Each structure stands twice: as C-alpha cells, then as structure tokens.
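What follows is a set of notes on a single structure, which appears directly below.
Residue numbers (UniProt numbering), protein chains in the order written: chain A, 70 to 88, 156 to 245; chain B, 70 to 245; chain C, 70 to 245; chain D, 70 to 88, 156 to 245; chain E, 70 to 245; chain F, 70 to 245; chain G, 70 to 88, 156 to 245; chain H, 70 to 88, 156 to 245.
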C-alpha cells in the first residue's frame, strides 16, 4: 500500500500545482485497475518480481505497459519477471518483439 | 515496379557508400580547460602565490584535453563504423523488403495493390511503412488493402504513434 | 593499335602505383601562432602585466597547433587515399575506353577511323575526348567522323567549352 | 518583374563599388535572354516551379544552368520542376547525370 | 618431398603473420632539439639577453619534434604495411616455387634431382637459388644437374655474385 | 550430459564476448616525471641557476610521458586483442573437448565414466584436467578410470605439479 | 669439473647469506645425481651438446628438466641435442610437447 | 681522357675528405676496366653513343651496368646506343627486360 501512497502523493502534488499531467492522471486510474488485476492474479509472490522489474527497466517502458493493458498488466509483468532472461534480451532488443510476447500473454487470456 | 526500381536504386546508392553530409557524425570535442581563469594571478593566490602550480596543472590540463579530444575523434570513427554497419543491416532488411514486394506481386494477385499502396504512402510517414514491411512482409499488401477499406481507421492510424499501430495491426492481422 | 598500346601501357603504369610528384598532395599545414607578437611585454600588458598568462596561452597555442598540423597531415594521407581511389576509378573507365576501342574496331569497320581520330586529338584537348569516349563509347568513332566532315563545326567545338561542346556532341548524336 | 528589379538592384550595387563581377554581369545578360526564353516557353504557370527550384537547389547550380544554356534555360527548369523527383535524386546524385538530362532536354529541341 | 613440406610449412607460417622480431621495423625517431644548448644564457645573449625568445623557439622546437616523431611513427606503420605486402608477394612467388617443384617432379623425371639439389643448396646461398627458381622455374632442375656435372663451374658460381651468376645461369640455359 | 551442457553454455557465453572485469587488462601507465623535484630551485642550481632549462626539460618530459602513456594504452588495446584471440583459440580447443566427450560417450561405452570423472574433478584442479583432455582426448576416460582404480596414485597426482602429473599420465598411457 | 665448482661456489655464497634457496639446494643434489647419470650415459662427447643446450634454452626450462628427472636427465639432454631441430621447434612451441618427447625418452628406458 | 680526368678528380676529392665511398672506389676500378673493354671494342665512333647514353639514362642505371659487367660494358652500351629505340622503351619499361638484352649481349660473347 506504500507504493500506492507515494504515487498518490506525487500525483496530488502535481494536481496542487507543483509542476504532462493528463497522462499522469490516466496513470493513477490505470494503477487502480493495475492493482485490481494484481488481485485478479492472486499469486502473493509478485512483489519481488515487480520490484525487480522497476529496478531493471526504465520507468518509461514500464509506464507504457502499465497504461496499455489495464486488465492484464499484473500477469504480464509477473510472467516476464518469471522469464527475466527475455527481459534483458529485450533490453538489448527493440521493444517490438517484447510487445509481441506481451500480445501472446494476452493470447493465453 | 517503378517504385520498387527507385527503392532498389537507393539500395545500390547506399551499398557503394553514398553517405549524406547530414549522416557524417561530427566528433563531439569536449571543451578545453580555460587559460586565463586557471593560470592567472587569482589561480596563483589559490596555489600559494606562484606561477608554478598554475603552469604545472595547465600542462596537465593540456595533456588531459589532448587525450579526451583524441578519444572523441577515435569514437567519432567508432560510431562512424557503427553507422556503416547499421547501413549494412538496413540494406539487408530492405533487400528482404524488395524480395517480399516480389513475393507479394507473385502471391497476392487479388487486390489493386498499386493505388492502395500509394494512398498508404501518402497517409503515414515512411518509417511506419518500413516497420510494417519489415515485420509483416507478406501480409503488408492485404493490410494496406484493409486499411484503405477503412479510411476512418486510417486517420486514427495517422493521428497516433507508430509503435502502437504495430499491434492493433498485429491485432488486426490476427483478427483476420 | 599503337595508340591503344600506349594508352594501355599508361594504364599498367598507373595500376602499379607510378604516381608523379605533381600528384603527391603536399599537406597544407596551417600557420603556427606567432611567438613574439603574443608572448611579449605587450601581451603581458594585455594580461595584467605578467609573463604568466602569456606562457599559459602560448602552451595552449602550441598544443592546438600540434593537433591542427596533425589533422592536416592525417588529411593529407586521407586525400592521398582518395586520390588513389580516383586513380582506380579512372583506370576502370579507361579499361572500358580500351574495350570500347576494341568494340569500335570490331563493329564500325566503315570509316577511315585512324586519321580522323588523329585530327580530333590534334584539335580538341584530351579531356574533352576522354569525356566523349566515357559517355559515348561506341558512337565516338562515327562522331569524330561527322566532326571531321564538318571542320567549321570542328573549330566551333575548339573555340567553346567541353561541357558545352558535348551538347553538340549529344544533340548531334540524336540528330542522326 | 520584381525578381528582375531586385537582381538589377544587386548588380547595380555591385557596379557602384559595393563589393567576381564579370560573371555576375554575364548573369545579368543571361537573365535577360533567360526571360526571353521564358516568353518562348509561354506556359504561364512556370513561376511556382521556378520558385520551388530556387528554394530546393543551391544558387550555385541554378546559376550554372542559367549561364550554360541561354536559349533553353526556362524550358529546362520548367521540365525539371515538372519531374522534381529526379531533381531530388540528383540532389543526392552527382551533377553529371543531371547534366545528361539537361542535354536530353536540349535533344528534344 | 620433405624439403617441399618444410618450405610450404614456412609458407603457412608466413601467411598467418608469424613475423620475427628482427623483421619488426623500429621507428627511426629523429633527435629532439637540445634543451640546455638552446635555452640557456648563451641563447639569451644570442636573442638580445632575454629568456623570451628562448622559450618561444623551444616551444616551437617541441612542436616540430612532436610532428616529426609523429611522422616517424606513422612511417614505421607505413613501411610495416609495405613489409607485410612484400611478404604477401614473396609468399605468392614461393607458391609458384612450390608449384614449379611439383611441375619439375611431374615433367623432368630424368635426373637424380634430390642429391644434386642438395649439393646446390650446400654450395650457393639460398637467395641465389630463390632467384633461379623464381625466374627459371621449370629448367632449375636441369640447371642444377648441369652445374653438378661441372663442379669447377660450380665453385666459380660460388666465388662470384648472384646477379652475374645468373647470366651464367641464363646464357648457359640458352647455350643448351 | 549436464556437465557437457554447462561446459558448452560457458562456451557460447565466451563466444559472444562476455568478458569478466578481472580479464579486462588495465593499462600499465608508467609514472610521470616529478614536478617539484625537477623544476625547483635545486634544479635551477643544477642548470646554472635559471628557470629556463627547468621549463625546457619539463616540457620535454611532458611530451615523452604523453608518448609513453599513449604507447601504454595502445598496448593495452593490443594485448586486449591478443587476449580476445586466445579466448578464440581456447574456445576452439574446448570445442574439440566437447566433441571428444561426444566421442568418448560414443566409443568407450565400457566404464562407469560419470562418477569416476566426478571424482577426478573433485581431486585435481580443472587446469590439469583441461590439459589432459586437450592432449589426450579419447583416452582421458580410460585414464580417469585407471586413476580411480589407483587412489594412492591419485593423491600422488594431487600432491605434485601438472606438467609432471601429466608425465605420469603419458607414460602410464604407453604402459597400457 | 669447473661447472660443478662454479655451481657449488654460487650455492655456498647463497648459503653464506649473500642473497628461493630450498629449490637451489635441491638443484645441488639433483646436479650430483645429474652427473651420476652422465657417467651412466658414458658417451664422452656430451659436453658440447650440453653447452649448446645451455646457450639455446633459457636457464628456467633446463633447470626444470634437471630437477624433474634425476636418473635420466643426462640422456634426455644428450638426445635432444642430438635432434636440436625439435629443440628449436619447441622453442617456438609450448613446452608440453617437449615434455612428451622427454616422456618418450623415459619410455625407451 | 677528359672524362677520366674529371672522374678521377671527383674521386680524389672524395678520398681527400670532401664528403658511400667504397662503391665509388670500385667504380674507379670498373671504369679502368671499362676503358680497357672500350679498347677491346675498337670501333672509334662509340664516343657520341656513350654521350647520348649518359644524357638519356639517369646516372644510376648507367652506373649499375658499368659495375655489373667489367669485361663487356663498352660493347653493351655501344650496341644499346645502336638501338636506342629499345633504350627509350626500357626507359618506359622496368629494368628487368633491359637486363635481359644485356644478358643476350653477353650471350653473343
């Protein structure tokens, strides 16, 4: 709940005028549905995997996948952290093929 | 065919080494340490009121600037070679682009591909089309056909970024 | 044949690397910054009456002259290699020149090519003839024949520029 | 007539001593025969094509073609602006082949 | 065959780049201008009794020594490449040497070539034999045979220079 | 198989260029000549009591340190390339190591090779085993078998050096 | 006997404190058994061969073979000086294969 | 005799210390045997031919042939000046084939 609290603190500082804001607001809502989908995942070990994700990808690509797929995002990062070898190969590779594995993760559901 | 002919002519232009001046990577020489600011009487007052340490560390600064500018020019050569190699791989994937255009003319044979391709070129930037033909070579013709059948979808695609387009397209492809 | 023999002998002379001293590109070393003008008492009076900044910026000037003269000599090597490559491409297009002279002797067979070619060589500078044989290899013989049939046109061509002359060459060719 | 006026103003400033002048004078006369050849063309839509020409080629090559061919220059630029795809390909290419199309434009006349 | 095997093994040793330390061309760095001799009080007395011109021209001397030593090392690289190319052409002509030894074993078939070749190797320096096999490949076997038939002529050839010996070789060849 | 799988996986790790930081050869920059010790008043008293020769030879020392540090870094690159080439040749001889492990599994087929190989790995350092498999590839399995049949000989081999431990290996091989 | 005298002089200087000493002492004893094996060889022409050996190999490898094989060392160097072509090829080659010929020299005895 | 006098003057200046000298001395002796061979030729018209030779070849190649063939040099240059067409063709050609005609001149004698 602490990460939600700090994200909400940053966003309320943004809306208070402590200055590009519209997408951040959509990221607030997409994070709400993100943790909804995290409950939908219901494998309580995903916290270390998502910690590893934020520490290994830049915030930009994580934000992109966070906003793209509101209903499957938690499972997407959980299973790409399950196979982080492909995560680093896609750190070397262009994001199009990583996007393809994201789409196949959509394919299973 | 004429569009393919100009594409392949650009290809042999690239393969020989016709590299535009804009593509010439100019070395980013780091600034040299200043002369007056360091080795003036104020610098002497820093270093116990003597010209000695000023000349010492300025000779050292000369040397370090020499090595960092040398590394800058050697880099300039290095990413010039890297740019040459990325022209080579571009050229390769454009060879498969020309070959898949041959393949589309060989296999598709159903639609009015010429004018729909013209409309798609006129609509989207060439980079998006290049990515489409690189990742979806054989279906690119049918994809342009279905996009031409949907001009409303076409100017969504115009209004929005190339990568996204990828999927939704990829998607659209797997919807069909 | 003897003219072709001397042309091809010049060719093997070029291919081995017989490069005349006039073709040796001497490096254009930029002038070094002056010694007395910068680092004298007048320079000291510029820089708050001290030998300090004078020695500082003169060491800096030494360093920058070292790098610019180094870049000058490295360039001299670079355009020496460029000149070698342009000798190679010349040599190539002169190989097609000798081969098209073979082709003219093989195909034309109609005119008195030797003396008309001699007259054309005696009239125009060799550069114009080289450009003519490079761009219009097979028709060059008939072109010299028709020019010899028109001495008045011949000394117009003599009086006027090479690029300019060819037009004549070319629109005369498409008149025939 | 405005472009003629500004060219003549620049050239009379040059001849007044406001400083390479001999070729500029020959360019004055070659521009006179240029607009003579423009009347010889007599397709009144060439103004936008020649505007595009000056804005896409450097002044040097336009000057070269202007001085080379006094009697056909207007038609030369009109028809190379008709096909400006070859104009940009020759911006990429050496000027020798562009010169070849100039010569073929001479060939039609 | 074993002599041919060791010759060709030396060949693949050369082709990979096994270059002996004696063949490493050390750069000939020109001497730097002297420090005390130029920029002492005697030099000052030359230049109107002041340290000024001494430091000026010594910085200039530093710069010119930097460029001449740089040209020296760049040359060292240049004739190192030239030496590599002359190893390549040596290697080529030794490839024809091995191939003509094959040809001699194929064609001659008449004499006791092995021991006469051994005697010729034991007599003359290897450079003379290399030149003989380079210019007269096919007849070299019969030439060694006729020289072995003439030991008195053999030790004239030993006593006298390689170029001269050759004519001998050659006008003996055209005597036969 | 799993040991062979990890060996070959290390192989493809090496072939791509995964080079550990310990294998990064740091350049050995020679020390720069000292500043105070040379160009102080004691140095002036050496050179006839003047700052002149001190600045002269210190500029010279700057230049020579620049060239020796430059040669040091160019060397660092040179033995980095040499280290890359020795990784390539290791990789080659480890490719024959994996291939001879295939060959042993194909041909030997008699002994319990897995656990005897495990014991031999646990006993001797990996370098000795690497040399054994490099020089005696096919017999290495039977050699480990006979060593496992002789634990007393095994811990002699442990107690004593690899070149000799090997002797042991080889004259044991020719005893059998 | 002169080489024994100079080796013993160097070693007694070492033991006197004129400075890595333990292996030198073992080299004293291994040289004693070396010349024992030299008598075992009993072909009195080996002196020039061993002179050539010391002048063509570094002292390190000669010392290594001297210490490795106390009972066969004299014959080893006598027969590698008999074939010094292999000696120089092993100067070019790694010492492992030279060691293999040393082992085969052990094989004959 | 004047050319001998000037050559000897240059060589005695060289030996006096007015400075690569050993080959010049051998050239003195080879010139002595050169004019011995010139007497052996005994066709008194060779002076203009050798004047033409020195004025058409560089001194280096003339010196090389002078030193190579002490006994036949005069006839060599006399007959290559007889056919100076081959002399200029070999000015264009590499010296190896000129050397071949020198060898055939040796073949006649």
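Each residue gets a CB set at the ideal place from its N, CA and C atoms; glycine is no exception.
- Residues of the stretch 210-235 of chain D that bring their beta carbon within less than 9 Å of a beta carbon in chain C comprise 232, 235, in sequence order.
- Taking a contact to require three or more Cβ pairs closer than 8 Å, the stretch 148-158 of chain C and the stretch 81-95 of chain C qualify as touching.
- Between residue 226 of chain H and residue 218 of chain H, the CB-CB gap reaches or exceeds 9 Å.
- Here residue 135 of chain C is buried, its C-beta having at least 16 other C-beta atoms within 10 Å.
- Cα atoms of residue 175 of chain E and residue 208 of chain H: separation of roughly 39 Å, rounded to the nearest angstrom.
- Closest in C-alpha terms to residue 71 of chain G, from the list G/222, G/187, G/177, G/245, comes G/187.
- Selection E/232, E/123, E/128, E/125 evaluated against residue 194 of chain E yields E/232 as nearest (Cα-Cα).
- Take the alpha-carbon of residue 210 of chain A and the one of residue 230 of chain A: they are about 22 Å apart.
- Contact of residue 132 of chain C with chain B is assigned, a C-beta pair being separated by under 9 Å.
- Of the candidates A/214, A/224, A/245, A/214 places its Cα closest to the Cα of residue 180 of chain A.
- Contact annotation: in the stretch 75-90 of chain B, residues whose CB is within less than 9 Å of a CB in chain D are 75, 78, 79, 82, 87, 89.
- By the neighbour-count criterion, in which 16 or more other beta carbons inside 10 Å mark a residue as buried, residue 91 of chain F falls on the exposed side.
- For residue 232 of chain H, the enclosing alpha helix (DSSP H) begins and ends at 231-244.
- Near chain E, meaning a CB-to-CB distance below 8 Å, no residue of the stretch 155-178 of chain F qualifies.
- Contact note: residue 135 of chain F reaches chain B through 132, 135, using a C-beta cutoff of 8 Å and chain order.
- With fewer than 16 other CB atoms across the displayed protein chains lying within 10 angstroms of its CB, residue 151 of chain E is exposed.
- The beta-carbon of residue 103 of chain B is placed no less than 9 Å from the nearest beta-carbon of chain A.
- At a cut-off of 9 Å between beta-carbon atoms, residue 128 of chain B makes contact with chain F.
- Shown here for residue 238 of chain C: same chain residues with a beta carbon closer than 8 Å to its own, the five before and five after excluded, namely 201, 205, 212 in chain order.
- Neighbours of residue 153 of chain F in chain G, taken as residues at a C-beta separation under 8 Å, are lacking, since the least C-beta distance is about 20 Å.
- Counted as a single uninterrupted DSSP element, the alpha helix (DSSP H) harbouring residue 111 of chain E occupies residues 110-115.
- With a cutoff of 9 Å on beta-carbon distance, residue 164 of chain B and residue 80 of chain B are scored as near each other.
- The beta carbon of residue 114 of chain B does not come within 9 Å of any beta carbon belonging to chain C, so the residue lies off that interface.
- Unbroken alpha helix (DSSP H) stretches of 4 residues or longer found wholly inside the stretch 157-204 of chain G: 158-177, 182-192, 195-204, given in chain order.
- Listed by position along chain B, the residues whose Cβ is nearer than 7 Å to that of residue 70 of chain C form an empty set, because the closest Cβ is around 35 Å away.
- By the criterion of at least three beta-carbon pairs nearer than 8 Å, the stretch 124-142 of chain C is in contact with the stretch 119-137 of chain E.
- Taking all protein chains in view, the Cβ of residue 182 of chain G is crowded by 16 or more other Cβ atoms within 10 Å, so the residue is classified as buried.
- The beta-carbon of residue 237 of chain D is placed no less than 9 Å from the nearest beta-carbon of chain C.
- Here residue 141 of chain F is near residue 98 of chain F, since their CB atoms are less than 9 Å apart.
- In this structure, DSSP gives residue 206 of chain E a state outside helix and strand, which the three-state scheme calls coil.
- When secondary structure is reduced to three states using DSSP, residue 78 of chain F falls in the helix class.
- Bounds of the alpha helix (DSSP H) holding residue 225 of chain C are 220-228.
- Within chain F, the C-beta atoms nearer than 7 Å to that of residue 204 of chain G come from 233, in chain order.
- Put simply, the stretch 95-109 of chain C does not touch the stretch 102-115 of chain E. Fewer than three CB pairs are less than 8 Å apart.
- In the three-state reduction of the DSSP assignment, residue 214 of chain E falls in the helix class, which pools H, G and I.
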